[PDB]
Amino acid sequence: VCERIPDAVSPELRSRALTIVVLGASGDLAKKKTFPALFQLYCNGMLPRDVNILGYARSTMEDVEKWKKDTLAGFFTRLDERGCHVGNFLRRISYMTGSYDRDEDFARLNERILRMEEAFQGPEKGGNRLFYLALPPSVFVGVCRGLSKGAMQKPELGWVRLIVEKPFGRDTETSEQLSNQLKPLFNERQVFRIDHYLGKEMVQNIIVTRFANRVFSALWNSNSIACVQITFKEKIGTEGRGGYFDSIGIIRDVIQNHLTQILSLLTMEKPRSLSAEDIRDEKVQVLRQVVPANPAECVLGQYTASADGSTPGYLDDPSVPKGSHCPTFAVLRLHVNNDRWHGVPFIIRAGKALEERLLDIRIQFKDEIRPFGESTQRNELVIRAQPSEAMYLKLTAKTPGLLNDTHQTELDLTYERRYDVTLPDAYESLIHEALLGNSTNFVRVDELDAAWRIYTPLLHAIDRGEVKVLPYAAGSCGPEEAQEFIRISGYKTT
């Protein structure tokens, strides 16, 4: 049932105007993730009453109000509680057809931004501008140069922040050139490199789990931990738009960015404070100590057609080039060369067209050899980030009853069972943090370099045809070689 939206905007966003410009408003990401997150933040009353959401793309628009009502509003989610606010929120959105390379079209955008900023009834003159760059990577530097050249606020009249989306190059060299191309354009402080995993409720809780608790603090090192596994599983393939993926692969898409962020949070030292800089300095520090993934210590897969025929093979896609050896699956063994993690194996898994949708972290502890031996098995801390948010500790306990034996049990915490809260999407958090000027859950220039350095030797070997890409039926668990590799790497299954 429909209810009033509070004026709960952060006080640091009240005094001056607010213009959120979504560059690439026509794009799949903006319609599926950006505009829905803005709607939820508006409904939560976390954005000002008078925000200006400006869509800008090359798409010509015959009816912006039909696009807003039919296309945009279709992707909004809590419509049984917030369906009434759709109209009011959409009243805040405006659209603009413009190029990503022509200066006049960038003078147009700024003139509209000035026009909206002048409409403000609050105390301070000027305005704060947040730019969401949801564009194809071929136009990125074009937009950045254009925005920096003449879409910036006057000095001492409001902050200008830039939310930037992946891809961030294809390896160390291509990424480094993009970072150098952006260095004269904007300060590091104004760039907000999005990796949506850093906005997931269970990824945001890693740092608390680890450093607010002595139980995990005392155990979080090579003396107690035997193996660390990071898993990404998807039932969906890379169909329709599979030619886009052929150029990327599973390592560049999921492993380099998303699962390396989880790796940095799980392996970092305790931060000097909970400041952004202090947290990101520990993230860079550990990533700089990860030995580059080696081709011998990995397994790759590419999905074939499903047992029945429902899901077609990866190569059946017309966008996919003939005889492509692009991996849709990868399992890697990683080593962190420091005194906390010496000898602890890190198993990173990511695959498409698998048996289930999964995102979890598995901290498997050493066995307690005596006095139980075979009557016991490795404890494990499991943090499952999706489908259902849960954290559970797997242990051994006496079989309940008159029978004197052991069994495996769990000390569980299930978020759907424990809390009434309808959790926010990763993009709600991240967009909010960017408005609150909080950089901790945003990839730093050096944090990005450190990530590419782990995977580039491997990515290049793959691209040279040096690493074998094994087939697997869509809907199966992946190649059989992968489970043997996982076993041999150090992970004891349950």
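Note that residue numbering follows the sequence shown and begins at 1.
Student: Compare the mean C-alpha B-factor of 98 to 106 with that of 280 to 288 as given in the PDB entry, and name the stretch with the higher value.
Tutor: For C-alpha atoms only, the mean B-factor is higher in 98 to 106.
Student: Report the stretch with the higher mean CA temperature factor, choosing between 437 to 445 and 24 to 32 on the basis of the entry.
Tutor: Mean C-alpha B-factor is greater for 24 to 32.
Student: Reading the B-factor column of the entry, which of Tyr244, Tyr132, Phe89, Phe232 has the highest value at its C-alpha atom?
Tutor: Within the set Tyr244, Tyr132, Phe89, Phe232, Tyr244 shows the top C-alpha B-factor.
Student: Compare the CA B factors listed in the entry for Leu402, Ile361, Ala330, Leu334 and report the winner.
Tutor: Answer for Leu402, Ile361, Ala330, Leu334: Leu402, with the highest C-alpha B-factor.
Student: How does the C-alpha B factor of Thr60 compare with the rest of the chain: lowest, middle or highest third?
Tutor: Highest third, going by the recorded CA B-factors of the chain.
Student: Compare the C-alpha B factor of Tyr427 with those of the other modelled residues in its chain, then answer lowest, middle or highest third.
Tutor: Middle third by C-alpha B-factor.
Student: Splitting the chain's C-alpha B-factors into thirds, which one does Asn338 fall into?
Tutor: According to the entry, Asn338 has a C-alpha B-factor in the chain's lowest third.
Student: Tell me, lowest, middle or highest third: where does the Cα B factor of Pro387 rank within its chain?
Tutor: Highest third.
Student: According to the PDB entry, is the CA B factor of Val164 in the bottom, middle or top third of its chain, that is, lowest, middle or highest?
Tutor: It falls in the middle third of the chain.
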